[PDB]
Amino acid sequence: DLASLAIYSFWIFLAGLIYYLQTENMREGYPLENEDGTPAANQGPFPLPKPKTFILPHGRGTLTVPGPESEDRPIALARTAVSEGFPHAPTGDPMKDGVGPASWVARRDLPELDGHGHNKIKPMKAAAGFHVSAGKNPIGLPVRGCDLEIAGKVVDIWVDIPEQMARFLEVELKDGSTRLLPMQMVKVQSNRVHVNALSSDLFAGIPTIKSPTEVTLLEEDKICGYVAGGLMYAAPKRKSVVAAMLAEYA
Amino acid sequence: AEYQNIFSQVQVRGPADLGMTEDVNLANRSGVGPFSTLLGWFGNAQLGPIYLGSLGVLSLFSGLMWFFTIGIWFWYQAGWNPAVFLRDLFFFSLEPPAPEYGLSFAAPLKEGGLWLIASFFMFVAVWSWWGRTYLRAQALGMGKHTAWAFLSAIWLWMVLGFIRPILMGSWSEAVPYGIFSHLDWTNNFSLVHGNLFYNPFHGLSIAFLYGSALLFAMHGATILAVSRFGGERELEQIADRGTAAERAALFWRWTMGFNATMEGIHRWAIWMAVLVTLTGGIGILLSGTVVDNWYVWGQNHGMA
Amino acid sequence: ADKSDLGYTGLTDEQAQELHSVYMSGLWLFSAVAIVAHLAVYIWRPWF
Amino acid sequence: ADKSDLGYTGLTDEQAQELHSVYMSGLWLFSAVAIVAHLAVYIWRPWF
Amino acid sequence: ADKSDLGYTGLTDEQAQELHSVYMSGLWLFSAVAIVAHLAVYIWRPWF
Amino acid sequence: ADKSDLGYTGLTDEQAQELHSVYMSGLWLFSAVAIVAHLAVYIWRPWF
Amino acid sequence: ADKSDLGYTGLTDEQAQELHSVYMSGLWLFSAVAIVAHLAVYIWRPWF
Amino acid sequence: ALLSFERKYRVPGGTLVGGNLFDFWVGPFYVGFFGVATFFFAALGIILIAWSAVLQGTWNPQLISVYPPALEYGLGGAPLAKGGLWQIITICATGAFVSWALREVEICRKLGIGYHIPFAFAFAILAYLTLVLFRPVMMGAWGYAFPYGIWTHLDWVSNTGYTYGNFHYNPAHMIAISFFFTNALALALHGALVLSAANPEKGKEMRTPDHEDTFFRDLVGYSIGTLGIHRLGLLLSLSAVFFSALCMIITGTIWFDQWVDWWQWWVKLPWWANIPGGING
Amino acid sequence: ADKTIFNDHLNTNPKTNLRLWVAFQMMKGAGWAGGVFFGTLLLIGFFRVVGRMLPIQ
Amino acid sequence: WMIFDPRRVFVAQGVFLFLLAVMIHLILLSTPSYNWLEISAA
Amino acid sequence: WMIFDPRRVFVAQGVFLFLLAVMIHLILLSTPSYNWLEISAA
Amino acid sequence: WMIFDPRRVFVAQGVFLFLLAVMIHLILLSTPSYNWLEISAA
Amino acid sequence: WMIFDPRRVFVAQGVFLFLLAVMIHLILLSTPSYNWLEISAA
Amino acid sequence: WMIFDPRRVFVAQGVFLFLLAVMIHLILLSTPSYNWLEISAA
Amino acid sequence: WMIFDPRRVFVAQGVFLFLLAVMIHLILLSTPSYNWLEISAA
Ligand code: BCL
Ligand code: BCL
Ligand code: BCL
Ligand SMILES: CC[C@H]1c2cc3[nH]c4c(c3C)C(=O)[C@H](C(=O)OC)c4c3nc(cc4[nH]c(cc(n2)[C@@H]1C)c(C(C)=O)c4C)[C@@H](C)[C@@H]3CCC(=O)OC/C=C(\C)CCC[C@H](C)CCC[C@H](C)CCCC(C)C
Ligand SMILES: CC[C@H]1c2cc3[nH]c4c(c3C)C(=O)[C@H](C(=O)OC)c4c3nc(cc4[nH]c(cc(n2)[C@@H]1C)c(C(C)=O)c4C)[C@@H](C)[C@@H]3CCC(=O)OC/C=C(\C)CCC[C@H](C)CCC[C@H](C)CCCC(C)C
Ligand SMILES: [Fe+2]
């Protein structure tokens, strides 16, 4: 048709594009809030749109995103500097309130639903998935903490169907009160598991699941998030933990 | 035989779970393929089922017969022995009617032979398989975005042997057939049009292919990094922002200087895919009847 | 200690004995004194 | 603790408190000098 | 643990011991050092 | 353990026991090693 | 065939007793039919 | 600057030795212990494109040229603009890339995500550095490299890019495009994937993780999971870098001749050695 | 054995440094080695060491 | 929401008109007619 | 008030002038007709 | 301690004099017409 | 719902008067018959 | 630990010597110095 | 121990020689120095 023609519909329309896209990327999180709960200093060169249609996956009603941004979940920090930019500091222990590394938020009590008529996640004792018949079978195995010390025995699996991949290692204590712990943070070398995230004297800090079967969405934030709690902090400052944090490969 | 429980990765197998039933069919889905548990403790291990009929036994069969059309022009030169066939499994070659016959299908089986048949069986091997990334995208009630990166993908296929070399009066302007043949054409459209560098359409067609290792070099790293929280389930993180959507919405803001959402990261991933072969769709749709040279196009618009 | 709503911070007088006492170090020595820096400029060398 | 529905702010009367200082008069002398420092240029040098 | 008002930290009385000894005399350990250091730079070598 | 004043830290007089041996004598013998080198470098052989 | 007895691995303390053990003792009878053929090739055929 | 849920994540540390000495948030941008270093490297290298401008003859980004050192000066340096200024931008840019890939680790120890992100820019330091530290280092000097520009190395990738004949002939390269065409094969789908969940046709329920085994199994027949496409999307884009370094670790230092002279060791076989056949015959 | 603070010790003769350190912490270093410090210096370190006595003509 | 106040006019709106300056300046200072900076000597 | 006096006041004037002077040295090195030993060459 | 002793000036100033000396080496060891160690044969 | 106004006229339609203003202004300046403003030289 | 033996050391004793033997013999199976195997021909 | 018996002594003992021997009998069929069976005329 022409030598210089189609490009002047490319630097104009397709340049009206990173202005149409970056907003569809700056929805969740925005609008901007400061460090207490207050209309912020700005929003950006790509201002945020008012949310559109999001029909919910399991008839859960009406929620519009960008959605919850305000201060509903509990926050507590002891300020060391007042001007915006410098970090904050926990009041008590940083493993107590949940400020800094271990991150979560208050969600509504409903287990992730998929399809057939039951929750997304269940163990092997309930959802009789795959059993044990012939040969020697490694279900019921000892574990080691980040302090290089025995913690508990994992004796059951949490199975899956659509994605065929187990998710949790239910650590039952001697008390019988079960403690929960995610999947992409564990490494077993030989016969006994060795953890490097949480010591064997900090496992009750992660509270228990009130239902041994229900996997609600309020409770999938700390169980897989507290592992970060001892990834930032643990453990200052001298001695045997320095030979357990630095170096290494995997 | 039993099924092992290796030391924490982990896995438990899936039994007889097909999927959903609303608009698809399931009777043609005859048998769930035998599960190759290839120590499937990393990804998955599931085969079947799938959609069967004639919206399907046409792409395979036209793929086949297109696939069959170029391969016997590899056995044609061999000497009728299977030794030369794998020795030149690539050195053999095949093209359409001569640059002085072109549009004419009247080329015999001797010379400009087996290009009119493969492109005839290809033309029902990808225009009824784009009618299955667009139709099975409704087999339940979903969108069609899957065939909106496939309608700008068979668009670089809508110049190379369709729209250029048919209203240009030449089949030799359509691509040779096989493994080695078409590479004396990826270095033939290059000596000819004056080096396609100063051609910022093929050139900025490349500027949407060097960026799909700038969006996927980090996507398979970062969603493998937020996984220790629970953002691998990409259908409970968008509206119901998960705890892997607060281990990611700060990172790239702090780093390079802009974050996305869990609906947001799939909107730059396919705005660096629907424009790969589109700017090069326009970047082989303008390398023809405009200015034949791009060295004699790169001295008229580019410094002026 | 935690904070509340608009407009901490803010707010006073950590905005009046602080932010008022740090900001005007860029709206005078670069606003009015730059016109004294204009002195050796506003004729060297625009006029030929 | 934070805020409520659209908009807040808002709000009456909080709209004309933080959106009428460097936006109403902040873009008024910017327009004044856009006629003041333009009329001395209306004549030089569109004319030779 | 944190205090109340203006300002911290800090730190009365450290308006004339912390924010004037390594802050205003910094405009002396480099600004006044420039007075004697520049007396052999402005002529090397704008005047060749 | 930290103190109060300036520098503290400091840490008076850890401001004159560690800012002396490697701060002064480190940079004074970085001035007794750098100046001297020039005296075989200034003229060999920028002049050619 | 490996190194020692039930079980391995193994072992505590380990490493100071494994990879130090797979480069001498298993080479103690390899280098028992090796060094002989090295002294036979200290003269044929290096110097042609 | 911070998001609405960025009230809590604000915690110091992360950096290596010394303290929170460098770790201050400036804007949305993270300025950590590798922060005023990348402010140091950035405000030092943009003028390293403007240095070779008063000399070469081109201030314009069109044809700014800081050429690689001459092919034959040795293990030392070069002239000025033709290798010297080239050798100045050498530890300014490569000084910045890892003032940033271990400053990402100043955001990975700070929280507790997977250490897999400061790992994918690392292949960007395994195809670029297959051009400075690898090939130029041995066969003589830094002369076996390219000018820095946006265009100069283009007509360097073209004209001086047929020196191994026809490069499609190269088998390390071929298969460092065969991971560069499937690069975008598993993204044109994966990208449409999680838009059609929330927004189907109009007003229809959102989808769930079981409508992925009735669509892609309803597609090509394979379904390695929902996190099995962030582990076959990193099998797409990182590997177009070190099988391309492969035909830049074997190409010019071992086989500086044609690599179309490579596909004639497939016919030299006692079976079909003295007996030609197809095409060749 | 304890100050209740951290997880290790001060001095003493027994109880400590008898089977810590050279046991548990960084034991993966040598297992990772044997193929990285051995398989990447049979043509690089030996590459510039023969250039010594023979190249003296 | 949508657009706030005290952050744009300090570092962003300061490079919104300066950006709009050099997209006007870099056009009218090179035409074979005007100039008014170089054309003042010869 | 605020900021840092025992921290970021002896380190905000050590990599700040070096990030405004010594990086600025490179542009007056971008001369080779001036230059403080290139005068022999031109 | 005003600044850090066993942290900022036992090896970090060792890469301060080192960050200056060698970036200019490839300006003085370089140059198209100085050398006096390369040009001795031709 | 589904779309916006306080974001499509305060910052969108207000840039729709600058996006469309200058584009053809230089399309009718590239075509040499108007010019229209260059009264200086002549 | 961290290094395997039931799998990864049975390859370090069984065939590590066979490799470091015959693979180095490949090059000097036809060499213009040592020979000792192709010296004989007549 | 540390390796399976009925997979590296019985029938997998036949792939440590069957692969070792036949590949040693495929290098010297293109070489006319040995052969030992190709010449049967005289
Ligand atoms: C516009 C310029 C040319 C052209 C430029 C290039 C260049 C440059 C390249 C190719 C390459 C390829 N091209 Mg092409 N190609 C064109 C456009 C096309 C179109 C189309 C119009 O839709 C198709 C179907 C193809 C087909 C192909 C593939 C056979 C091959 C690898 C692509 C890839 O990365 O997928 C990989 C993933 C898939 C799922 C595709 C499946 C094909 C298999 C997996 C790859 C084939 C490898 C080899 C030939 C097989 C040998 C097997 C033997 C028995 C040992 N090309 C046009 C005609 N194309 C690459 C190549 O290596 O060529 C041989 C290459 O570098
Ligand atoms: C001198 C060399 C020139 C040059 C010479 C050429 C020539 C000639 C060509 C290109 C083209 C292109 N160049 Mg170039 N190019 C240069 C520099 C580069 C560089 C670089 C060094 O940075 C790269 C990475 C590239 C690569 C590219 C691409 C951006 C572009 C073609 C897109 C494509 O192949 O998708 C194609 C993908 C599709 C069409 C999708 C497939 C759709 C079909 C219909 C579906 C069939 C699928 C089939 C069923 C699969 C079967 C699966 C089986 C079941 C296994 N060029 C230099 C400057 N380049 C090509 C182009 O089109 O220009 C824009 C082209 O012809
Ligand atoms: C005869 C012509 C040859 C050919 C000529 C060449 C030449 C010449 C080269 C290649 C190279 C490559 N070719 Mg080829 N190539 C051919 C045609 C093709 C086609 C095609 C479709 O036809 C394709 C898809 C390719 C693709 C490929 C890749 C396999 C390989 C480049 C790897 C890479 O980019 O990562 C590597 C990534 C990097 C180097 C980037 C490093 C990352 C850095 C750290 C980040 C930069 C940051 C930046 C400075 C800052 C900017 C950001 C702003 C601040 C915002 N070639 C034909 C067969 N090709 C290159 C190669 O193999 O060498 C490695 C190469 O030199
Ligand atoms: C196989 C690896 C693939 C890859 C991965 C990858 N790239 C990445 C990342 C990852 C994971 C990031 O995390 C980081 C990022 O921010 O995300 C986009 C990045 C990045 N990839 C970028 C670019 C890039 N990556 C490329 C390629 C690739 N990236 C590969 C395909 C390419 C091409 C096309 O080759 C480019 C141009 C940057 C946007 C960003 C790197 C951010 C960064 O590290 O900034 C540091 C730089 C400075 C502080 C500036 C100082 C440098 C000097 C001042 C000047 C430099 C001189 C030099 C010559 C520049 C010239 C540039 C061009 C003219 C060549
Ligand atoms: C945005 C550009 C990117 C892109 C996008 C893209 N590619 C796409 C799509 C999209 C949206 C699809 O929707 C479609 C797809 O379904 O992906 C899996 C596809 C696709 N892209 C593919 C490849 C591909 N991607 C490419 C690249 C790219 N595609 C870019 C990176 C290229 C290039 C570079 O040219 C190619 C060649 C395929 C994987 C798939 C095309 C699916 C298709 O059309 O196949 C139809 C099915 C057949 C032809 C079956 C016949 C099989 C053989 C032909 C017969 C021989 C075998 C047979 C089994 C004989 C045995 C006998 C038996 C009966 C026993
Ligand atoms: Fe993804």
# chains A, B, ... in the order shown; residues from 1 in each chain; ligands from 1
$ residues_near_ligand --ligand "ligand 6" --cutoff "6 Å" --atoms "only C-alpha atoms and all ligand atoms" --output "MDAnalysis selection string"
chainID H and resid 190 229:230
$ select_by_dssp --residues "chain O" --states "alpha helix (DSSP H)" --output "MDAnalysis selection string"
chainID O and resid 18:22
$ write_last_selection --atoms "N, CA and C atoms" --output "tab-separated table (two decimals), in the first residue's frame"
chain	number	residue	atom	x	y	z
O	18	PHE	N	28.81	-56.47	25.52
O	18	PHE	CA	28.13	-56.47	24.23
O	18	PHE	C	28.18	-55.08	23.59
O	19	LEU	N	28.25	-54.05	24.42
O	19	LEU	CA	28.43	-52.69	23.94
O	19	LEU	C	29.91	-52.34	23.82
O	20	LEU	N	30.75	-53.05	24.57
O	20	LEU	CA	32.18	-52.77	24.61
O	20	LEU	C	32.90	-53.44	23.44
O	21	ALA	N	32.35	-54.55	22.96
O	21	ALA	CA	33.04	-55.39	22.00
O	21	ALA	C	32.63	-55.06	20.56
O	22	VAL	N	31.33	-54.85	20.35
O	22	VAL	CA	30.80	-54.62	19.01
O	22	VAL	C	31.18	-53.24	18.49
$ interface_residues --of "chain A" --to "chain C" --cutoff "6 Å" --atoms "only C-alpha atoms" --output "list in words"
residues 36, 37, 38 and 78 of chain A
$ interface_residues --of "chain J" --to "chain H" --cutoff "12 Å" --atoms "only C-alpha atoms" --output "PyMOL selection string"
chain J and resi 7+11-12
$ residues_near_ligand --ligand "ligand 1" --cutoff "9 Å" --atoms "only C-alpha atoms and all ligand atoms" --output "VMD selection string"
(chain B and resid 86 89 to 90 153 to 161 174 to 180 182 to 183 185 to 187 189 280 284) or (chain H and resid 168 171 173 to 185)
$ calpha_fit_rmsd --fixed "chain O" --moving "chain J"
1.9 Å
$ residues_near_ligand --ligand "ligand 3" --cutoff "6 Å" --atoms "only C-alpha atoms and all ligand atoms" --output "ChimeraX atom specification"
/H:124-125,127-128,157,161-162,166-168,173,176-177,180,240-241,244-245,248
$ residues_near_ligand --ligand "ligand 4" --cutoff "6 Å" --atoms "only C-alpha atoms and all ligand atoms" --output "list in words"
residues 210, 213, 214, 217, 218 and 256 of chain B; 38, 41, 42, 44, 45, 46, 92, 93, 96, 97, 100, 120, 121, 123, 124, 148, 149, 150, 237, 238, 239, 240 and 241 of chain H
$ write_last_selection --atoms "N, CA and C atoms" --output "PDB file, in the first residue's frame"
ATOM      1  N   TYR B 210      12.550 -11.275  21.733  1.00  0.00           N
ATOM      2  CA  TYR B 210      13.604 -11.148  22.735  1.00  0.00           C
ATOM      3  C   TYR B 210      13.035 -10.687  24.082  1.00  0.00           C
ATOM      4  N   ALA B 213      11.722 -13.850  26.632  1.00  0.00           N
ATOM      5  CA  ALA B 213      12.677 -14.331  27.624  1.00  0.00           C
ATOM      6  C   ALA B 213      12.979 -13.240  28.653  1.00  0.00           C
ATOM      7  N   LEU B 214      12.120 -12.222  28.691  1.00  0.00           N
ATOM      8  CA  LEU B 214      12.203 -11.168  29.711  1.00  0.00           C
ATOM      9  C   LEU B 214      10.954 -11.204  30.605  1.00  0.00           C
ATOM     10  N   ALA B 217      11.459 -15.722  31.753  1.00  0.00           N
ATOM     11  CA  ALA B 217      12.682 -16.047  32.471  1.00  0.00           C
ATOM     12  C   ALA B 217      12.524 -15.785  33.964  1.00  0.00           C
ATOM     13  N   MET B 218      11.418 -15.149  34.332  1.00  0.00           N
ATOM     14  CA  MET B 218      11.178 -14.768  35.715  1.00  0.00           C
ATOM     15  C   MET B 218       9.851 -15.330  36.218  1.00  0.00           C
ATOM     16  N   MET B 256      12.572  -3.410  39.854  1.00  0.00           N
ATOM     17  CA  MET B 256      12.714  -2.757  38.562  1.00  0.00           C
ATOM     18  C   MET B 256      11.778  -1.564  38.448  1.00  0.00           C
TER      19      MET B 256
ATOM     20  N   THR H  38      24.282   0.699  42.460  1.00  0.00           N
ATOM     21  CA  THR H  38      23.632   0.713  41.152  1.00  0.00           C
ATOM     22  C   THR H  38      23.198   2.124  40.758  1.00  0.00           C
ATOM     23  N   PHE H  41      26.664   2.927  39.384  1.00  0.00           N
ATOM     24  CA  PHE H  41      26.977   2.308  38.097  1.00  0.00           C
ATOM     25  C   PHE H  41      26.105   2.875  36.979  1.00  0.00           C
ATOM     26  N   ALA H  42      24.883   3.267  37.329  1.00  0.00           N
ATOM     27  CA  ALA H  42      23.935   3.794  36.350  1.00  0.00           C
ATOM     28  C   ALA H  42      24.316   5.204  35.917  1.00  0.00           C
ATOM     29  N   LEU H  44      26.997   6.532  35.444  1.00  0.00           N
ATOM     30  CA  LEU H  44      28.407   6.435  35.085  1.00  0.00           C
ATOM     31  C   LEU H  44      28.587   5.747  33.735  1.00  0.00           C
ATOM     32  N   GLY H  45      27.516   5.131  33.243  1.00  0.00           N
ATOM     33  CA  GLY H  45      27.594   4.292  32.052  1.00  0.00           C
ATOM     34  C   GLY H  45      26.746   4.816  30.908  1.00  0.00           C
ATOM     35  N   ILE H  46      25.737   5.616  31.240  1.00  0.00           N
ATOM     36  CA  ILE H  46      24.950   6.321  30.231  1.00  0.00           C
ATOM     37  C   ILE H  46      25.798   7.365  29.506  1.00  0.00           C
ATOM     38  N   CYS H  92      31.645  -1.379  34.456  1.00  0.00           N
ATOM     39  CA  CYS H  92      30.600  -0.437  34.852  1.00  0.00           C
ATOM     40  C   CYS H  92      29.214  -1.052  34.688  1.00  0.00           C
ATOM     41  N   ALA H  93      29.017  -1.769  33.587  1.00  0.00           N
ATOM     42  CA  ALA H  93      27.757  -2.459  33.335  1.00  0.00           C
ATOM     43  C   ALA H  93      27.715  -3.805  34.047  1.00  0.00           C
ATOM     44  N   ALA H  96      27.123  -3.404  37.513  1.00  0.00           N
ATOM     45  CA  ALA H  96      25.765  -3.015  37.883  1.00  0.00           C
ATOM     46  C   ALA H  96      24.823  -4.218  37.892  1.00  0.00           C
ATOM     47  N   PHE H  97      25.047  -5.148  36.966  1.00  0.00           N
ATOM     48  CA  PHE H  97      24.142  -6.281  36.777  1.00  0.00           C
ATOM     49  C   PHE H  97      24.052  -7.139  38.036  1.00  0.00           C
ATOM     50  N   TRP H 100      22.602  -5.935  41.779  1.00  0.00           N
ATOM     51  CA  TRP H 100      21.179  -5.952  41.459  1.00  0.00           C
ATOM     52  C   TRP H 100      20.627  -7.374  41.503  1.00  0.00           C
ATOM     53  N   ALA H 120      17.484 -16.259  37.395  1.00  0.00           N
ATOM     54  CA  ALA H 120      17.020 -16.264  36.017  1.00  0.00           C
ATOM     55  C   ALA H 120      17.586 -15.080  35.237  1.00  0.00           C
ATOM     56  N   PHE H 121      18.006 -14.042  35.963  1.00  0.00           N
ATOM     57  CA  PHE H 121      18.880 -13.011  35.398  1.00  0.00           C
ATOM     58  C   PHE H 121      20.315 -13.505  35.304  1.00  0.00           C
ATOM     59  N   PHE H 123      21.292 -16.194  33.782  1.00  0.00           N
ATOM     60  CA  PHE H 123      21.519 -16.659  32.418  1.00  0.00           C
ATOM     61  C   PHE H 123      21.680 -15.484  31.454  1.00  0.00           C
ATOM     62  N   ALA H 124      21.212 -14.310  31.875  1.00  0.00           N
ATOM     63  CA  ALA H 124      21.573 -13.060  31.214  1.00  0.00           C
ATOM     64  C   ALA H 124      23.035 -12.702  31.471  1.00  0.00           C
ATOM     65  N   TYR H 148      29.060  -1.470  21.009  1.00  0.00           N
ATOM     66  CA  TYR H 148      28.108  -1.545  22.121  1.00  0.00           C
ATOM     67  C   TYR H 148      26.680  -1.182  21.687  1.00  0.00           C
ATOM     68  N   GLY H 149      26.546  -0.655  20.471  1.00  0.00           N
ATOM     69  CA  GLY H 149      25.460   0.275  20.150  1.00  0.00           C
ATOM     70  C   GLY H 149      24.098  -0.396  20.064  1.00  0.00           C
ATOM     71  N   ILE H 150      23.173   0.246  19.352  1.00  0.00           N
ATOM     72  CA  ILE H 150      21.855  -0.335  19.084  1.00  0.00           C
ATOM     73  C   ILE H 150      21.746  -0.751  17.623  1.00  0.00           C
ATOM     74  N   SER H 237      13.112 -19.897  28.094  1.00  0.00           N
ATOM     75  CA  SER H 237      13.645 -18.556  27.919  1.00  0.00           C
ATOM     76  C   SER H 237      15.053 -18.417  28.511  1.00  0.00           C
ATOM     77  N   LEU H 238      15.347 -19.222  29.531  1.00  0.00           N
ATOM     78  CA  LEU H 238      16.692 -19.266  30.113  1.00  0.00           C
ATOM     79  C   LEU H 238      17.649 -20.079  29.243  1.00  0.00           C
ATOM     80  N   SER H 239      17.109 -21.078  28.551  1.00  0.00           N
ATOM     81  CA  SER H 239      17.931 -22.043  27.824  1.00  0.00           C
ATOM     82  C   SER H 239      18.223 -21.567  26.400  1.00  0.00           C
ATOM     83  N   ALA H 240      17.636 -20.432  26.026  1.00  0.00           N
ATOM     84  CA  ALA H 240      18.020 -19.735  24.797  1.00  0.00           C
ATOM     85  C   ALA H 240      19.243 -18.858  25.022  1.00  0.00           C
ATOM     86  N   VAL H 241      20.168 -19.337  25.848  1.00  0.00           N
ATOM     87  CA  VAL H 241      21.224 -18.490  26.390  1.00  0.00           C
ATOM     88  C   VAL H 241      22.535 -19.258  26.558  1.00  0.00           C
TER      89      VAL H 241
END
$ calpha_fit_and_write --fixed "chain C" --moving "chain E" --output "short mmCIF file (atom, residue, chain, number, x, y, z; two decimals) with C-alpha atoms, in the first residue's frame"
data_model
loop_
_atom_site.label_atom_id
_atom_site.label_comp_id
_atom_site.auth_asym_id
_atom_site.auth_seq_id
_atom_site.Cartn_x
_atom_site.Cartn_y
_atom_site.Cartn_z
CA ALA E 1 1.81 -0.18 64.65
CA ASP E 2 0.09 2.91 63.26
CA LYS E 3 -2.05 5.87 64.36
CA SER E 4 -5.50 7.01 63.27
CA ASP E 5 -6.17 10.28 61.46
CA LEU E 6 -4.35 13.28 59.99
CA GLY E 7 -1.79 12.44 59.27
CA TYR E 8 1.36 10.55 60.29
CA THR E 9 4.12 10.23 60.07
CA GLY E 10 4.28 12.93 60.69
CA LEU E 11 4.01 14.50 62.98
CA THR E 12 2.13 17.10 65.03
CA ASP E 13 3.64 19.37 65.57
CA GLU E 14 5.91 18.92 62.54
CA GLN E 15 4.00 20.87 59.89
CA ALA E 16 6.33 23.78 60.65
CA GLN E 17 9.51 21.92 61.63
CA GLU E 18 9.91 19.10 59.10
CA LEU E 19 7.87 20.27 56.10
CA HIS E 20 9.02 23.91 56.06
CA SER E 21 12.69 23.88 57.09
CA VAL E 22 14.01 21.45 54.48
CA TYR E 23 11.15 22.01 52.04
CA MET E 24 10.36 25.73 51.83
CA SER E 25 13.93 26.82 52.61
CA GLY E 26 14.95 24.48 49.81
CA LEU E 27 13.14 27.00 47.64
CA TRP E 28 15.71 29.36 49.19
CA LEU E 29 18.98 27.42 49.26
CA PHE E 30 18.68 27.08 45.48
CA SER E 31 16.00 29.51 44.30
CA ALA E 32 17.47 32.55 46.03
CA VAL E 33 20.97 31.31 45.22
CA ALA E 34 19.80 31.46 41.60
CA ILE E 35 19.10 35.19 41.91
CA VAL E 36 22.80 35.94 42.38
CA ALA E 37 24.12 33.03 40.32
CA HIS E 38 22.08 33.90 37.22
CA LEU E 39 23.30 37.51 37.18
CA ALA E 40 26.38 36.17 35.40
CA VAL E 41 24.84 33.51 33.15
CA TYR E 42 22.13 35.24 31.09
CA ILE E 43 24.81 37.38 29.43
CA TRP E 44 27.19 34.47 28.92
CA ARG E 45 26.75 34.20 26.18
CA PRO E 46 23.41 34.92 24.42
CA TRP E 47 25.03 38.25 23.55
CA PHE E 48 28.27 37.31 21.78
#
$ residues_around --residues "segment 7-24 of chain I" --least-positions-apart "6" --cutoff "12 Å" --atoms "only C-alpha atoms" --output "VMD selection string"
(chain A and resid 146 to 149 194 199 to 201 234 to 244) or (chain G and resid 11 to 17) or (chain I and resid 1 30) or (chain N and resid 1 to 2)
$ closest_residue --among "A:43, A:83, A:22, A:119" --to "residue 25 of chain H" --atoms "only C-alpha atoms"
A:83
$ atom_distance --atom1 "atom CA of residue 76 of chain H" --atom2 "atom CA of residue 131 of chain H"
17.6 Å
$ residues_near_ligand --ligand "ligand 5" --cutoff "6 Å" --atoms "only C-alpha atoms and all ligand atoms" --output "list in words"
residues 59, 60, 63, 64, 67, 125, 126, 129, 133, 146, 147, 149, 150, 153, 273, 274, 276 and 277 of chain B; 181, 182, 183, 184, 185, 188, 189 and 220 of chain H
$ residues_around --residues "residue 41 of chain K" --least-positions-apart "2" --cutoff "10 Å" --atoms "only C-alpha atoms" --output "list in words"
residues 46, 47 and 48 of chain F; 32, 33, 34, 35, 37, 38 and 39 of chain K; 32, 33 and 34 of chain L
